[PDB]
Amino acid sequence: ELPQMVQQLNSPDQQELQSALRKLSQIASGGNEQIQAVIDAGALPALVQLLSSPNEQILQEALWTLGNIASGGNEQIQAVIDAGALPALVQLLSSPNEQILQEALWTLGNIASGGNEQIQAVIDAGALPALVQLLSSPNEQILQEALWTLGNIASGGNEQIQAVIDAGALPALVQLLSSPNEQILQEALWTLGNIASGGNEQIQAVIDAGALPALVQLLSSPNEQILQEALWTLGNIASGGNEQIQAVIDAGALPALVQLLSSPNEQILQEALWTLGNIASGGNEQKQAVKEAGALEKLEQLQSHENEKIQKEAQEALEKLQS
């Protein structure tokens, strides 16, 4: 039944085309085994062709189908790439139509949720220059979707992270840390976290951008979600070299981190113990700063926590500090 609908995507009859497009959209939402059935029927070249359609209703429907196919596995994301979707999607980034724009962002973000080769394919198609421009957008809906795709791109390897840095995304992300909008702030924190998860040169770029003063201030936040992301970013920066570990101490992170060791929130606690454990694995100067903050007695006490994850993280942190 499925290869008839694929042939019907190029059929001159308007009712035939739209009904096939609607049925195929419904199948593309029914799990990876159903997504594969659509791909094996050869719908992908026809759906990509419809992204050039002068009919906004059809364009939106084909774009929605592709976005749901891109939510599948890496083999299904690659099938979307091999069908030439990326050049069409990068063009839809210059669209004055906010509905098509948000849908193109959602599809690109889902493609950037695949492997390193999938993320590199998004980069090679020149998606990053348009995304950095969308970071200055007054449209809160478009800004979040652009921040979401940027974050999924920065979730790849070191070269994929460096591509985000070289595009000039870091100054905007840092300015977005001062945002009163909790959703935009969370997304700007999530991207920075993925950038700091790479190597030492990527971690340094984050420090050079001036992310640490805002990151340290966000530790005094009553928002557990903002708190977890600010902590995860500071922890990833602290997983770098001693000079990078020193930049964390210089900003005044330690008194806030030590205060967070009092938390009954096992999620905040595990991340606070991990961040200090990374700072503790540095040189003598950094170890002395941790001891000076009063972490030693806290780390030693948290070794008696009932939860094995907290117990192990406290043990690892205290070990790295005293060695």
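Residues carry their position along the shown sequence, with the first being 1.
Practice problem: Would you mind comparing 180-188 and 240-248 for me and telling me which has the higher average C-alpha temperature factor in the entry? | Solution: Result of the comparison: 240-248.
Quiz item: Which is higher on average in the deposited entry, the C-alpha temperature factors of 127-135 or of 97-105?
Solution: Of 97-105 and 127-135, the stretch with the higher C-alpha B-factor average is 127-135.
Quiz item: Looking at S221, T149, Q225, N116, which has the highest CA B-factor as recorded?
Solution: It is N116.
Quiz item: Would the CA B-factor of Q14 place it in the lowest, middle or highest third of its chain?
Solution: Ranked within chain, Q14 CA B lands in the highest tercile.
Quiz item: Taking the entry's C-alpha B-factors for this chain, is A43 in the lowest, middle or highest third?
Solution: For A43, the deposited C-alpha B-factor lands in the middle third.
Exercise. Determine, from the deposited record, the chain-internal third of the Cα B-factor for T233: lowest, middle or highest.
Key: Middle third, going by the recorded CA B-factors of the chain.
Exercise. Could you look up the Cα B-factor of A280 in the entry and say which third of the chain it sits in: lowest, middle or highest?
Key: Highest third, going by the recorded CA B-factors of the chain.
Quiz item: By its CA B factor, does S29 count among the lowest, middle or highest third of the modelled residues in the chain?
Solution: Tercile = middle for this residue's CA B-factor.
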